[PDB]
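Structure, as structure tokens:
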Amino acid sequence: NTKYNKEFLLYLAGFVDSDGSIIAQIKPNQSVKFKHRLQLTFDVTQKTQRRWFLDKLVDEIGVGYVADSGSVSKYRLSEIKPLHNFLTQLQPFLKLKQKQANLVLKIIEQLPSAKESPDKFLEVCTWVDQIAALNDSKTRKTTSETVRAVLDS
Amino acid sequence: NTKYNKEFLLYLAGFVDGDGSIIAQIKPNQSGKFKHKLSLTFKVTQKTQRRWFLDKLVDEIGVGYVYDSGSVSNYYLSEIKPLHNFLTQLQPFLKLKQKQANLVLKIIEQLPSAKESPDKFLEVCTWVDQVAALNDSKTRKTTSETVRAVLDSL
DNA sequence: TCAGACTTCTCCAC
DNA sequence: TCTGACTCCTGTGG
DNA sequence: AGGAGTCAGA
DNA sequence: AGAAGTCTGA
Ligand SMILES: [Mg+2]
Ligand SMILES: [Mg+2]
Ligand SMILES: [Mg+2]
């Protein structure tokens with residue numbers, strides 16, 4: 001539980017509300033109990049020419065990783081435990097994606113209890129929809145109603 | 001001069017480094033002293049769906065205007081005097097765009113003296129090229145060399 | 001003349 | 001099984 | 001920016 | 001994001 005500087009969070013929040021992205025998605029997984037897995041993500045996009053800025057962020061945050069894919073580099077953070085602790089400090093300074101942050105945190109806290117009953121799993125899948133709704137959902141496929149069709153078995 | 005909150009300057013600097021922009025232009029102006037007008041500009045582009053965010057900027061900064069462009073809205077600030085005061089306070093928090101900001105402030109200070117001899121005017125025009133080079137210039141047309149050709153003709 | 005108010009354009013960086 | 005590191009793709013919003 | 005995938009070690 | 005412009009009034 002590394003604590004982050006307030007002035008660091010303020011700048012970062014402004015950068016996140018601009019080029020950052022708080023994603024929460026459902027992926028097919030035939031090896032899990034409900035044939036679907038959850039994926040919470042903290043993304044910060046920037047062009048590869050300025051990938052160094054993303055590298056500096058891996059150190060300041062501590063955990064996380066930067067990937068390249070063409071003329072664009074991406075800082076990711078999918079690891080649950082540090083993600084919850086990170087957003088919990090970042091959230092009060094967001095002005096655009098603040099709603100997405102509180103939703104992701106709520107999912108993370110209700111993550112173990114959502115592996116027991118299918119209805120509790122569907123409820124979380126609903127919370128996932130409430131995040132893509134706020135975002136610019138363009139290429140989203142697997143939703144909560146997708147699970148419902150498969151869950152009926 | 002207006003003083004801004006550090007908390008506001010910290011958040012905004014990140015947003016400026018993210019989706020904001022810092023421009024320096026040399027516009028053709030036949031009714032000008034040297035057939036050209038200098039227009040320094042600080043802008044924050046954002047989706048019109050989130051225009052309210054740009055509307056708050058006008059109140060928080062105290063100046064500037066917000067216009068549309070289809071699905072794109074822009075908060076511009078070209079008024080030289082409050083611009084100089086704003087970028088002076090925003091610069092220490094800029095990371096990706098601190099170099100451009102200090103160059104704008106550098107131009108503004110030497111602006112009335114630039115209207116003297118063309119050689120002093122052209123030096124400032126070269127300082128505009130520096131700002132453009134730092135930015136991801138794609139559709140730039142008028143540079144200092146455009147001015148040089150015109151003034152060497154008269 | 002001039003300087004601020006308003007719009008149009010276009011690609012790549014998200 | 002279940003998590004995280006890793007790549008790839010699309011379409012506007014800068 | 002917002003997703004869609006894949007794959008291996010644990 | 002980063003330019004290209006027009007148009008008023010003082
Ligand atoms: Mg943005
Ligand atoms: Mg940017
Ligand atoms: Mg952007």
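A note on labels: chains of the structure tokens are A, B, ... as shown, every chain counts residues from 1, and ligands are counted from 1 in their shown order.
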
How would you report the residues lying within 7 Å of ligand 1, as a compact mmCIF listing (two decimals) with N, CA, C and O atoms, in the first residue's frame, if you count only C-alpha atoms (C1' of nucleotides) and all ligand atoms?
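Result written to pocket_34.txt:
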```
# COMPACT_ATOMS: atom_id res chain seq x y z
N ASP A 17 -8.05 12.34 -17.06
CA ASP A 17 -9.32 12.85 -17.59
C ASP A 17 -9.19 13.24 -19.06
O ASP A 17 -10.19 13.33 -19.77
N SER A 18 -7.95 13.46 -19.50
CA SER A 18 -7.69 13.82 -20.88
C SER A 18 -7.33 12.61 -21.75
O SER A 18 -8.11 12.21 -22.60
N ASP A 19 -6.16 12.03 -21.52
CA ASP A 19 -5.70 10.92 -22.34
C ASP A 19 -5.77 9.56 -21.64
O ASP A 19 -5.44 8.53 -22.23
N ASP B 19 -4.99 16.94 -23.39
CA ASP B 19 -5.81 17.34 -24.54
C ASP B 19 -5.72 18.83 -24.86
O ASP B 19 -6.39 19.31 -25.77
N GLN B 46 -12.01 19.78 -26.46
CA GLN B 46 -12.80 18.76 -25.79
C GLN B 46 -14.12 18.52 -26.53
O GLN B 46 -14.60 19.39 -27.26
```

Practice problem: Write out as a VMD selection string each polymer residue (protein, DNA or RNA) that has an atom no more than 8 Å from ligand 2, with only C-alpha atoms (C1' of nucleotides) and all ligand atoms counted. | Solution: (chain A and resid 18 to 19 46) or (chain B and resid 16 to 20) or (chain C and resid 13 to 14) or (chain D and resid 14) or (chain F and resid 1)

Self-check item: Distance-based interface of chain B with chain A, 10 Å, counting only C-alpha atoms, as a ChimeraX atom specification
Solution: /B:6-20,45-46,50,53,93-96

Any chance you can output those residues with C-alpha atoms as a PDB file, in the first residue's frame?
```
ATOM      1  CA  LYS B   6      -2.382  25.606  -7.155  1.00  0.00           C
ATOM      2  CA  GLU B   7      -4.862  22.732  -7.001  1.00  0.00           C
ATOM      3  CA  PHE B   8      -6.534  24.155 -10.104  1.00  0.00           C
ATOM      4  CA  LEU B   9      -3.189  24.741 -11.818  1.00  0.00           C
ATOM      5  CA  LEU B  10      -2.047  21.203 -11.011  1.00  0.00           C
ATOM      6  CA  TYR B  11      -5.134  19.515 -12.458  1.00  0.00           C
ATOM      7  CA  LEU B  12      -5.289  21.787 -15.500  1.00  0.00           C
ATOM      8  CA  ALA B  13      -1.606  21.343 -16.373  1.00  0.00           C
ATOM      9  CA  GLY B  14      -2.198  17.608 -16.668  1.00  0.00           C
ATOM     10  CA  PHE B  15      -5.253  18.267 -18.809  1.00  0.00           C
ATOM     11  CA  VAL B  16      -3.318  20.730 -20.966  1.00  0.00           C
ATOM     12  CA  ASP B  17      -0.517  18.189 -21.386  1.00  0.00           C
ATOM     13  CA  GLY B  18      -3.253  15.704 -22.242  1.00  0.00           C
ATOM     14  CA  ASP B  19      -5.808  17.337 -24.536  1.00  0.00           C
ATOM     15  CA  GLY B  20      -4.728  20.974 -24.348  1.00  0.00           C
ATOM     16  CA  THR B  45      -9.984  20.988 -27.045  1.00  0.00           C
ATOM     17  CA  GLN B  46     -12.805  18.757 -25.790  1.00  0.00           C
ATOM     18  CA  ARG B  50     -18.561  17.696 -22.359  1.00  0.00           C
ATOM     19  CA  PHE B  53     -16.094  21.377 -18.604  1.00  0.00           C
ATOM     20  CA  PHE B  93       3.410  22.447 -13.589  1.00  0.00           C
ATOM     21  CA  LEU B  94       3.651  21.669 -17.304  1.00  0.00           C
ATOM     22  CA  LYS B  95       5.696  18.638 -18.341  1.00  0.00           C
ATOM     23  CA  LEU B  96       5.019  17.924 -22.014  1.00  0.00           C
TER      24      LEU B  96
END
```

Using only C-alpha atoms (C1' of nucleotides), find each residue of chain B with at least one atom at most 9 Å away from an atom of chain F; report its shortest atom-to-atom pair and that distance in Å (one decimal), sort the rows by chain and rising residue number, and return the result as a Markdown table.
```
| residue | atom | partner | partner_atom | distance |
| --- | --- | --- | --- | --- |
| B:19 | CA | F:1 | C1' | 7.3 |
| B:20 | CA | F:1 | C1' | 7.3 |
| B:21 | CA | F:1 | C1' | 6.3 |
| B:22 | CA | F:2 | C1' | 8.6 |
| B:23 | CA | F:2 | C1' | 7.1 |
| B:25 | CA | F:3 | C1' | 8.1 |
| B:27 | CA | F:5 | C1' | 8.9 |
| B:44 | CA | F:1 | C1' | 8.9 |
| B:45 | CA | F:1 | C1' | 7.4 |
| B:132 | CA | F:2 | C1' | 8.8 |
| B:135 | CA | F:2 | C1' | 7.7 |
| B:136 | CA | F:2 | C1' | 7.2 |
| B:137 | CA | F:2 | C1' | 6.3 |
| B:138 | CA | F:2 | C1' | 7.2 |
| B:139 | CA | F:3 | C1' | 5.7 |
| B:140 | CA | F:3 | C1' | 5.8 |
| B:141 | CA | F:4 | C1' | 8.0 |
```

Using the selection just defined, write its residues with N, CA, C and O atoms as a compact mmCIF listing (two decimals), in the first residue's frame.
```
# COMPACT_ATOMS: atom_id res chain seq x y z
N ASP B 19 -4.99 16.94 -23.39
CA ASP B 19 -5.81 17.34 -24.54
C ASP B 19 -5.72 18.83 -24.86
O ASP B 19 -6.39 19.31 -25.77
N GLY B 20 -4.89 19.55 -24.12
CA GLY B 20 -4.73 20.97 -24.35
C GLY B 20 -3.71 21.26 -25.43
O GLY B 20 -3.11 20.34 -25.98
N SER B 21 -3.50 22.54 -25.73
CA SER B 21 -2.57 22.94 -26.77
C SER B 21 -2.06 24.36 -26.57
O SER B 21 -2.75 25.20 -25.99
N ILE B 22 -0.85 24.62 -27.05
CA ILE B 22 -0.24 25.94 -26.96
C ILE B 22 0.28 26.36 -28.33
O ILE B 22 1.23 25.76 -28.85
N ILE B 23 -0.33 27.38 -28.91
CA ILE B 23 -0.07 27.74 -30.30
C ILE B 23 0.60 29.11 -30.45
O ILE B 23 0.37 30.03 -29.67
N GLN B 25 1.25 31.65 -33.86
CA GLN B 25 0.99 31.80 -35.29
C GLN B 25 1.49 33.12 -35.86
O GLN B 25 1.64 34.11 -35.15
N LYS B 27 0.04 35.31 -38.80
CA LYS B 27 -1.07 35.45 -39.74
C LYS B 27 -0.86 36.58 -40.74
O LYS B 27 -0.39 37.66 -40.37
N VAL B 44 -7.84 24.56 -25.18
CA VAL B 44 -8.17 23.27 -24.60
C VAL B 44 -9.32 22.62 -25.36
O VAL B 44 -10.48 22.98 -25.17
N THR B 45 -8.99 21.68 -26.24
CA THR B 45 -9.98 20.99 -27.04
C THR B 45 -10.71 19.94 -26.21
O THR B 45 -10.11 19.30 -25.35
N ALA B 132 6.38 25.95 -32.90
CA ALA B 132 5.75 25.04 -33.84
C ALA B 132 6.49 23.71 -33.92
O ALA B 132 5.88 22.65 -34.03
N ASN B 135 5.62 21.56 -31.02
CA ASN B 135 4.29 21.00 -31.26
C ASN B 135 4.33 20.01 -32.42
O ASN B 135 5.30 19.98 -33.19
N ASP B 136 3.29 19.20 -32.54
CA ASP B 136 3.18 18.25 -33.64
C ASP B 136 2.62 18.95 -34.87
O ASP B 136 1.49 18.69 -35.29
N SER B 137 3.42 19.85 -35.44
CA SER B 137 3.00 20.64 -36.59
C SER B 137 2.74 19.76 -37.81
O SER B 137 3.58 18.94 -38.18
N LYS B 138 1.58 19.95 -38.43
CA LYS B 138 1.20 19.15 -39.59
C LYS B 138 0.78 20.05 -40.75
O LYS B 138 1.19 19.84 -41.89
N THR B 139 -0.03 21.06 -40.44
CA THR B 139 -0.64 21.89 -41.47
C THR B 139 -0.17 23.35 -41.41
O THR B 139 -0.92 24.26 -41.77
N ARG B 140 1.06 23.56 -40.96
CA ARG B 140 1.60 24.91 -40.85
C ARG B 140 1.95 25.46 -42.23
O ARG B 140 2.50 24.75 -43.07
N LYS B 141 1.62 26.73 -42.46
CA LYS B 141 1.86 27.36 -43.75
C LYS B 141 2.83 28.53 -43.66
O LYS B 141 3.84 28.57 -44.35
```

Quiz prompt | Sel. of strand (DSSP E or B) residues, chain A, as number ranges by chain | solution = A: 20-28, 36-47, 65-68, 72-76

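The neighbours of residue 34 (chain B) here are the residues that come within 12 Å of it, using only C-alpha atoms (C1' of nucleotides) and leaving out any residue fewer than 4 positions away in the same chain; they are residues 26, 27, 28, 29, 30, 38, 114, 115, 116, 117, 118, 119, 120, 121, 122, 125, 146, 147, 148, 149, 150, 151, 152, 153 and 154 of chain B; 1 of chain C.
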
Atoms to include: N, CA, C and O atoms (P, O5', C5', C4', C3', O3' and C1' of nucleotides). Write the selected residues as a CSV table (one decimal), in the first residue's frame.
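Output file part11.csv is given in full below:
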```
chain,number,residue,atom,x,y,z
B,26,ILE,N,1.7,33.1,-37.2
B,26,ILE,CA,2.1,34.3,-37.9
B,26,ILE,C,1.1,34.5,-39.0
B,26,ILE,O,1.2,33.9,-40.1
B,27,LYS,N,0.0,35.3,-38.8
B,27,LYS,CA,-1.1,35.4,-39.7
B,27,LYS,C,-0.9,36.6,-40.7
B,27,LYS,O,-0.4,37.7,-40.4
B,28,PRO,N,-1.2,36.3,-42.0
B,28,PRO,CA,-1.1,37.3,-43.1
B,28,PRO,C,-2.1,38.5,-42.8
B,28,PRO,O,-3.3,38.3,-42.6
B,29,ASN,N,-1.6,39.7,-42.8
B,29,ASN,CA,-2.4,40.9,-42.5
B,29,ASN,C,-1.9,42.1,-43.3
B,29,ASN,O,-1.1,42.9,-42.9
B,30,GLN,N,-2.5,42.2,-44.5
B,30,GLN,CA,-2.1,43.3,-45.5
B,30,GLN,C,-2.3,44.7,-44.9
B,30,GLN,O,-1.5,45.6,-45.2
B,38,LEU,N,0.9,38.8,-35.4
B,38,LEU,CA,1.2,37.7,-34.4
B,38,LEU,C,0.1,37.4,-33.5
B,38,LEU,O,-0.5,38.3,-32.9
B,114,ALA,N,9.1,44.4,-30.9
B,114,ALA,CA,9.2,43.7,-32.1
B,114,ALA,C,8.6,44.5,-33.3
B,114,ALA,O,8.9,44.2,-34.4
B,115,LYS,N,7.8,45.5,-32.9
B,115,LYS,CA,7.1,46.3,-33.9
B,115,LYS,C,8.1,47.4,-34.4
B,115,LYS,O,7.6,48.3,-35.2
B,116,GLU,N,9.3,47.4,-34.0
B,116,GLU,CA,10.3,48.4,-34.4
B,116,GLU,C,10.9,48.0,-35.7
B,116,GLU,O,10.3,47.9,-36.7
B,117,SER,N,12.2,47.7,-35.7
B,117,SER,CA,13.0,47.3,-36.8
B,117,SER,C,12.5,45.9,-37.2
B,117,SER,O,12.3,45.0,-36.4
B,118,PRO,N,12.5,45.6,-38.5
B,118,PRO,CA,12.1,44.3,-39.1
B,118,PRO,C,13.0,43.2,-38.6
B,118,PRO,O,12.5,42.0,-38.5
B,119,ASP,N,14.2,43.5,-38.4
B,119,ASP,CA,15.2,42.5,-37.9
B,119,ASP,C,14.9,42.0,-36.5
B,119,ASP,O,15.1,40.8,-36.2
B,120,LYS,N,14.3,42.9,-35.7
B,120,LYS,CA,13.9,42.5,-34.4
B,120,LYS,C,12.5,41.8,-34.5
B,120,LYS,O,12.2,40.9,-33.7
B,121,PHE,N,11.8,42.1,-35.5
B,121,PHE,CA,10.5,41.5,-35.8
B,121,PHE,C,10.7,40.1,-36.3
B,121,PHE,O,9.9,39.2,-36.0
B,122,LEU,N,11.7,39.9,-37.1
B,122,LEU,CA,12.0,38.6,-37.8
B,122,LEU,C,12.6,37.6,-36.8
B,122,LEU,O,12.4,36.4,-36.9
B,125,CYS,N,9.8,36.1,-35.1
B,125,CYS,CA,9.2,35.2,-36.0
B,125,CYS,C,9.9,33.9,-36.0
B,125,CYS,O,9.2,32.8,-36.2
B,146,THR,N,8.6,32.9,-44.6
B,146,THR,CA,7.5,33.5,-45.3
B,146,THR,C,7.6,35.1,-45.2
B,146,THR,O,7.5,35.8,-46.1
B,147,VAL,N,7.9,35.5,-43.9
B,147,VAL,CA,8.1,36.9,-43.6
B,147,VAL,C,9.3,37.4,-44.3
B,147,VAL,O,9.3,38.5,-44.8
B,148,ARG,N,10.4,36.6,-44.2
B,148,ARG,CA,11.7,37.0,-44.7
B,148,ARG,C,11.7,37.4,-46.2
B,148,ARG,O,12.2,38.4,-46.6
B,149,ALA,N,10.9,36.6,-47.0
B,149,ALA,CA,10.8,36.8,-48.4
B,149,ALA,C,10.1,38.1,-48.7
B,149,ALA,O,10.4,38.8,-49.7
B,150,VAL,N,9.0,38.4,-47.9
B,150,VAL,CA,8.2,39.5,-48.1
B,150,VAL,C,9.0,40.8,-47.8
B,150,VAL,O,9.0,41.8,-48.6
B,151,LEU,N,9.7,40.8,-46.7
B,151,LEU,CA,10.4,42.0,-46.2
B,151,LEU,C,11.7,42.3,-47.0
B,151,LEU,O,12.1,43.4,-47.1
B,152,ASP,N,12.2,41.3,-47.6
B,152,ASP,CA,13.4,41.4,-48.4
B,152,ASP,C,13.0,41.9,-49.8
B,152,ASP,O,13.9,42.2,-50.7
B,153,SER,N,11.7,42.0,-50.1
B,153,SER,CA,11.3,42.4,-51.4
B,153,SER,C,11.1,43.9,-51.5
B,153,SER,O,11.3,44.6,-52.5
B,154,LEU,N,10.6,44.5,-50.4
B,154,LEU,CA,10.3,45.9,-50.3
B,154,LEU,C,11.6,46.7,-50.3
B,154,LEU,O,12.1,47.2,-51.3
C,1,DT,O5',-2.9,49.5,-41.5
C,1,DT,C5',-2.1,50.5,-41.0
C,1,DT,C4',-2.3,50.5,-39.4
C,1,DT,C3',-2.0,49.2,-38.7
C,1,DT,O3',-1.2,49.5,-37.5
C,1,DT,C1',-4.2,49.9,-38.2
```

Quiz item: Taking only C-alpha atoms and all ligand atoms into account, which of A:22, A:122, A:101, A:44 comes nearest ligand 3?
Solution: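 The shortest atom-to-atom distance to ligand 3 comes from A:44.
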
Exercise. Could you pull out the residues in region 5-49 of chain A that DSSP calls alpha helix (DSSP H) from the backbone, as a PyMOL selection string?
Key: chain A and resi 6-19

Restricting the output to C-alpha atoms, write the selected residues as a PDB file, in the first residue's frame.
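As written to disk, out.pdb reads:
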```pdb
ATOM      1  CA  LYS A   6      -1.180  14.774  -3.551  1.00  0.00           C
ATOM      2  CA  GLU A   7       0.318  17.086  -6.180  1.00  0.00           C
ATOM      3  CA  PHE A   8       1.260  14.000  -8.192  1.00  0.00           C
ATOM      4  CA  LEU A   9      -2.346  12.808  -8.054  1.00  0.00           C
ATOM      5  CA  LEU A  10      -3.660  16.223  -9.107  1.00  0.00           C
ATOM      6  CA  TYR A  11      -1.551  16.397 -12.270  1.00  0.00           C
ATOM      7  CA  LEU A  12      -2.148  12.725 -13.045  1.00  0.00           C
ATOM      8  CA  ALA A  13      -5.911  13.109 -12.613  1.00  0.00           C
ATOM      9  CA  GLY A  14      -5.891  15.946 -15.134  1.00  0.00           C
ATOM     10  CA  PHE A  15      -3.859  13.831 -17.539  1.00  0.00           C
ATOM     11  CA  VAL A  16      -6.140  10.837 -16.974  1.00  0.00           C
ATOM     12  CA  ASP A  17      -9.317  12.846 -17.589  1.00  0.00           C
ATOM     13  CA  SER A  18      -7.687  13.816 -20.883  1.00  0.00           C
ATOM     14  CA  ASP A  19      -5.696  10.918 -22.339  1.00  0.00           C
TER      15      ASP A  19
END
```

Quiz item: Which one is closest to chain C: B:143, B:88, B:71, B:78? Count only C-alpha atoms (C1' of nucleotides).
Solution: B:78

Quiz item: What's the 12 Å shell around residue 8 (chain E), counting only C-alpha atoms (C1' of nucleotides), without same-chain residues fewer than 4 positions away, as a ChimeraX atom specification?
Solution: /D:3-6

Could those selected residues go to a file with N, CA, C and O atoms (P, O5', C5', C4', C3', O3' and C1' of nucleotides), as a short mmCIF file (atom, residue, chain, number, x, y, z; two decimals), in the first residue's frame?
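So result_27.cif came out as:
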```cif
data_model
loop_
_atom_site.label_atom_id
_atom_site.label_comp_id
_atom_site.auth_asym_id
_atom_site.auth_seq_id
_atom_site.Cartn_x
_atom_site.Cartn_y
_atom_site.Cartn_z
P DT D 3 -9.03 -14.44 -10.11
"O5'" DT D 3 -7.76 -13.47 -10.22
"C5'" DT D 3 -6.56 -13.84 -9.55
"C4'" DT D 3 -5.35 -13.61 -10.44
"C3'" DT D 3 -5.30 -12.25 -11.12
"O3'" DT D 3 -4.46 -11.38 -10.38
"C1'" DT D 3 -4.45 -14.02 -12.50
P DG D 4 -4.38 -9.82 -10.75
"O5'" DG D 4 -3.20 -9.75 -11.83
"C5'" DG D 4 -1.92 -10.29 -11.51
"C4'" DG D 4 -1.07 -10.48 -12.76
"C3'" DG D 4 -0.86 -9.22 -13.60
"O3'" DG D 4 0.54 -9.04 -13.83
"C1'" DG D 4 -1.48 -11.03 -14.97
P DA D 5 1.10 -7.63 -14.35
"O5'" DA D 5 1.86 -8.00 -15.71
"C5'" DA D 5 2.94 -8.93 -15.68
"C4'" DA D 5 3.18 -9.55 -17.04
"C3'" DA D 5 3.48 -8.56 -18.17
"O3'" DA D 5 4.51 -9.08 -19.00
"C1'" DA D 5 1.70 -9.93 -18.79
P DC D 6 5.22 -8.14 -20.09
"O5'" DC D 6 4.30 -8.29 -21.39
"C5'" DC D 6 4.37 -9.49 -22.17
"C4'" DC D 6 3.38 -9.49 -23.32
"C3'" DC D 6 3.35 -8.24 -24.19
"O3'" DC D 6 4.10 -8.47 -25.39
"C1'" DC D 6 1.18 -9.22 -23.88
#
```

Practice problem: Would you kindly report the residues of chain A within 7 Å of chain D, using only C-alpha atoms (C1' of nucleotides), as a PyMOL selection string? | Solution: chain A and resi 31-32+79+139

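The interatomic distance for the pair CA of residue 88 (chain A) and CA of residue 102 (chain A) works out to 8.2 Å.
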
Exercise. Record the distance separating CA of residue 34 (chain A) and CA of residue 105 (chain A), expressed in Å with one decimal.
Key: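 Here the two named atoms are 21.5 Å from each other.
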
Quiz prompt | Expected answer as a list in words: chain B residues within 7 Å of chain C, only C-alpha atoms (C1' of nucleotides) | solution =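 Residues satisfying the distance criterion: residues 31, 32 and 79 of chain B.
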
Take the residues from that selection and put them in a file with C-alpha atoms, as a PDB file, in the first residue's frame.
```pdb
ATOM      1  CA  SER B  31      -3.406  46.107 -43.277  1.00  0.00           C
ATOM      2  CA  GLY B  32      -0.556  45.580 -40.820  1.00  0.00           C
ATOM      3  CA  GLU B  79      -5.920  38.094 -25.085  1.00  0.00           C
TER       4      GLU B  79
END
```

Practice problem: Dump as a list in words the residues of chain A that approach chain E to within 7 Å, counting only C-alpha atoms (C1' of nucleotides). | Solution: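 Close to chain E, chain A has residues 21, 137, 139 and 140 of chain A.
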